[PDB]
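What follows is one structure encoded as structure tokens, with my remarks underneath.
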Amino acid sequence: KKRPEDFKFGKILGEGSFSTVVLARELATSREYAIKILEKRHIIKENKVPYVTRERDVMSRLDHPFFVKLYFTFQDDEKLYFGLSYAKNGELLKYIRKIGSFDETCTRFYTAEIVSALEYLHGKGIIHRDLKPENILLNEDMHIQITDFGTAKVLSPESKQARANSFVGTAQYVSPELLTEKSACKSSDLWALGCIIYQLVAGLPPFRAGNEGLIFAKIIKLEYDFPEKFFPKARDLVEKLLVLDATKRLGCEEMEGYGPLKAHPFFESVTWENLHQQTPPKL
Ligand SMILES: Nc1ncnc2c1ncn2[C@@H]1O[C@H](COP(=O)(O)OP(=O)(O)OP(=O)(O)O)[C@@H](O)[C@H]1O
Ligand SMILES: [Cl-]
Ligand SMILES: [Cl-]
Ligand SMILES: [Cl-]
Ligand SMILES: [Cl-]
Ligand SMILES: [Cl-]
Ligand SMILES: [Cl-]
Ligand SMILES: [Cl-]
Ligand SMILES: [Cl-]
């Protein structure tokens, strides 16, 4: 097991409400990692332990180019340390804010990468549940690196589990079924995907309000609209994802999965097989 003294720590990359991510260089190899550090006392005191165990368990199952990788974990008297891959280019949200609206090529490319990632994730029977641009990081090559798995759920193949009961997520991206049926499924991530596509083109996510309760009320009534100049094929895709009935979302198991989603006309130009080796278009 690695130890804290095996690293030179640098700048804080981010601060969560129960964790801090710090850039670190491993002394023996000179490799750079993003180390998520948690204080045991705090975690135990504020019962966030379940989030911690869940994050480690889920990330340990993932081996795919479009996800942040957990290389190692270790601990000392007071803290837990997650050694994570370093996404040098930070979060996608930063680019949306700075650019305002992605062109069609960039929207399609990044959507395709997220679709690819979700296909892998859902194929392992895992629901992310907090898919959002803040949780989609970009590596030094500008490919996506999806992160934040403390709120993810590994569904049980043994009981053919399709629904999860924990109330987690971010209001803007929360699916209607979580609000009304108090449960989430793989399809809830497809809802979030629709929200993200809309946001890439529109600049803001579809269900907008100053507070959570107002957002919740709009989500359950599907109260949103498209701005002018919304790319037609993207609009068609968004409308097939932002559907109240979770069994009717393009991409979901009841709609026969990822084949039909990847076949949507929006992705007509996409070569799915080697996305992660393609040079992403310039934002
Ligand atoms: N692997 C990584 N590479 C680069 N930056 C990262 C990485 N993981 C997290 N970050 C940065 O750290 C910030 C917050 O990190 P962290 O996951 O500790 O908290 P959070 O999940 O955002 O908040 P909370 O603890 O409330 O869930 C993010 O905004 C992100 O920019
Ligand atoms: Cl430290
Ligand atoms: Cl450093
Ligand atoms: Cl590395
Ligand atoms: Cl590991
Ligand atoms: Cl919520
Ligand atoms: Cl509409
Ligand atoms: Cl169309
Ligand atoms: Cl593929």
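Chain labels A, B, ... are given in the sequence in which chains occur in the structure tokens; within each chain residues are numbered consecutively from 1, and ligands are likewise numbered from 1 in the order shown.
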Non-local contacts of range 146-156 of chain A (7 Å; only C-alpha atoms; under 6 positions in same chain excluded) as a PyMOL selection string:
chain A and resi 51-52+54-55+58-59+66-68+125-130+135-137+162+168
Any chance you could export the current selection's N, CA and C atoms as an mmCIF file, in the first residue's frame?
data_model
loop_
_atom_site.group_PDB
_atom_site.id
_atom_site.type_symbol
_atom_site.label_atom_id
_atom_site.label_comp_id
_atom_site.auth_asym_id
_atom_site.auth_seq_id
_atom_site.Cartn_x
_atom_site.Cartn_y
_atom_site.Cartn_z
ATOM 1 N N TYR A 51 -21.280 6.678 1.581
ATOM 2 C CA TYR A 51 -20.879 7.290 0.316
ATOM 3 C C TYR A 51 -19.460 6.876 -0.054
ATOM 4 N N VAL A 52 -18.600 6.804 0.953
ATOM 5 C CA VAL A 52 -17.195 6.466 0.763
ATOM 6 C C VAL A 52 -16.995 5.030 0.295
ATOM 7 N N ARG A 54 -19.250 3.146 -1.068
ATOM 8 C CA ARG A 54 -19.907 3.024 -2.355
ATOM 9 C C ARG A 54 -18.997 3.514 -3.472
ATOM 10 N N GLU A 55 -18.363 4.668 -3.281
ATOM 11 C CA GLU A 55 -17.451 5.196 -4.298
ATOM 12 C C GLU A 55 -16.338 4.215 -4.623
ATOM 13 N N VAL A 58 -17.795 0.988 -6.440
ATOM 14 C CA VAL A 58 -18.168 1.220 -7.829
ATOM 15 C C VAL A 58 -16.962 1.485 -8.729
ATOM 16 N N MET A 59 -16.062 2.378 -8.315
ATOM 17 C CA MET A 59 -14.903 2.699 -9.155
ATOM 18 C C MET A 59 -14.000 1.494 -9.371
ATOM 19 N N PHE A 66 -13.465 6.404 -20.714
ATOM 20 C CA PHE A 66 -14.223 7.607 -20.432
ATOM 21 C C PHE A 66 -14.608 7.758 -18.964
ATOM 22 N N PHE A 67 -13.879 7.086 -18.067
ATOM 23 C CA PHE A 67 -14.145 7.231 -16.631
ATOM 24 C C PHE A 67 -12.875 7.493 -15.876
ATOM 25 N N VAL A 68 -12.977 8.328 -14.855
ATOM 26 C CA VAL A 68 -11.868 8.557 -13.948
ATOM 27 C C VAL A 68 -11.517 7.215 -13.359
ATOM 28 N N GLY A 125 -24.422 -2.941 -15.292
ATOM 29 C CA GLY A 125 -25.532 -2.845 -14.363
ATOM 30 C C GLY A 125 -25.356 -1.761 -13.316
ATOM 31 N N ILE A 126 -24.703 -0.667 -13.680
ATOM 32 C CA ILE A 126 -24.483 0.418 -12.733
ATOM 33 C C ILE A 126 -25.251 1.648 -13.178
ATOM 34 N N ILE A 127 -25.944 2.307 -12.246
ATOM 35 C CA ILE A 127 -26.588 3.593 -12.529
ATOM 36 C C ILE A 127 -25.749 4.716 -11.914
ATOM 37 N N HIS A 128 -25.464 5.771 -12.675
ATOM 38 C CA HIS A 128 -24.648 6.871 -12.135
ATOM 39 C C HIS A 128 -25.453 7.718 -11.138
ATOM 40 N N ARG A 129 -26.636 8.162 -11.569
ATOM 41 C CA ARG A 129 -27.582 8.932 -10.754
ATOM 42 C C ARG A 129 -27.218 10.398 -10.499
ATOM 43 N N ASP A 130 -26.003 10.811 -10.845
ATOM 44 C CA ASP A 130 -25.643 12.222 -10.679
ATOM 45 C C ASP A 130 -24.854 12.683 -11.893
ATOM 46 N N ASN A 135 -19.778 16.840 -13.305
ATOM 47 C CA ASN A 135 -19.245 15.500 -13.063
ATOM 48 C C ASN A 135 -18.633 14.854 -14.294
ATOM 49 N N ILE A 136 -18.517 15.635 -15.357
ATOM 50 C CA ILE A 136 -17.890 15.175 -16.585
ATOM 51 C C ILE A 136 -16.622 15.994 -16.750
ATOM 52 N N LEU A 137 -15.482 15.388 -16.427
ATOM 53 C CA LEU A 137 -14.203 16.093 -16.474
ATOM 54 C C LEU A 137 -13.556 15.850 -17.826
ATOM 55 N N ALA A 162 -33.875 -3.608 -11.140
ATOM 56 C CA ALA A 162 -33.885 -2.571 -12.162
ATOM 57 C C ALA A 162 -34.064 -1.190 -11.538
ATOM 58 N N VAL A 168 -30.851 10.428 -4.378
ATOM 59 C CA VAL A 168 -29.609 11.136 -4.625
ATOM 60 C C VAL A 168 -29.705 11.869 -5.955
#
All residues having an atom within 8 Å of ligand 9 (only C-alpha atoms and all ligand atoms) as a ChimeraX atom specification:
/A:116,272-274
Taking only C-alpha atoms and all ligand atoms into account, which residues have an atom no farther than 12 Å from ligand 3? I'd like them as a PDB file with C-alpha atoms, in the first residue's frame.
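Generated file (out-v1.pdb):
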ATOM      1  CA  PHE A   7       3.753  11.813  -2.574  1.00  0.00           C
ATOM      2  CA  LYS A   8       4.514  15.499  -2.959  1.00  0.00           C
ATOM      3  CA  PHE A   9       1.193  17.340  -2.630  1.00  0.00           C
ATOM      4  CA  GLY A  10       0.403  20.458  -4.630  1.00  0.00           C
ATOM      5  CA  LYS A  11      -2.607  22.654  -5.281  1.00  0.00           C
ATOM      6  CA  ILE A  12      -6.178  21.854  -4.332  1.00  0.00           C
ATOM      7  CA  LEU A  13      -8.030  20.814  -7.482  1.00  0.00           C
ATOM      8  CA  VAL A  22      -5.404  17.635  -4.210  1.00  0.00           C
ATOM      9  CA  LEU A  23      -2.888  17.271  -7.041  1.00  0.00           C
ATOM     10  CA  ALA A  24      -0.024  14.965  -6.013  1.00  0.00           C
ATOM     11  CA  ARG A  25       3.151  13.691  -7.615  1.00  0.00           C
ATOM     12  CA  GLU A  26       4.263  10.168  -6.699  1.00  0.00           C
ATOM     13  CA  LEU A  27       7.910  10.530  -5.741  1.00  0.00           C
ATOM     14  CA  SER A  30       6.979  11.161 -10.949  1.00  0.00           C
ATOM     15  CA  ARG A  31       3.403  10.317 -11.965  1.00  0.00           C
ATOM     16  CA  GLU A  32       0.614  12.840 -11.235  1.00  0.00           C
ATOM     17  CA  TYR A  33      -2.612  11.849  -9.506  1.00  0.00           C
ATOM     18  CA  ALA A  34      -5.655  13.611  -8.217  1.00  0.00           C
ATOM     19  CA  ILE A  35      -5.896  12.454  -4.630  1.00  0.00           C
ATOM     20  CA  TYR A  86      -5.923  13.580 -13.015  1.00  0.00           C
TER      21      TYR A  86
END
Selection as a tab-separated table (two decimals) with N, CA and C atoms, in the first residue's frame: residues within 8 Å of ligand 5 by only C-alpha atoms and all ligand atoms:
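The resulting file, selection-v3.tsv, is shown below:
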chain	number	residue	atom	x	y	z
A	56	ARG	N	-15.72	3.65	-3.59
A	56	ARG	CA	-14.62	2.71	-3.82
A	56	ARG	C	-15.10	1.45	-4.51
A	60	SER	N	-13.99	0.59	-8.40
A	60	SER	CA	-13.19	-0.63	-8.52
A	60	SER	C	-13.70	-1.53	-9.64
A	70	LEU	N	-9.65	4.78	-10.53
A	70	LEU	CA	-9.17	4.68	-9.17
A	70	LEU	C	-7.96	3.75	-9.20
A	71	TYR	N	-6.78	4.32	-9.00
A	71	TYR	CA	-5.54	3.54	-9.06
A	71	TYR	C	-5.25	2.85	-7.76
A	72	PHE	N	-5.50	3.54	-6.66
A	72	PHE	CA	-5.13	3.02	-5.36
A	72	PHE	C	-5.89	3.73	-4.26
A	73	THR	N	-5.93	3.09	-3.10
A	73	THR	CA	-6.45	3.69	-1.89
A	73	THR	C	-5.49	3.36	-0.74
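Nearest-residue note for ligand 7: choosing from A:219, A:283, A:268, A:115, the minimum distance belongs to A:219, counting only C-alpha atoms and all ligand atoms.
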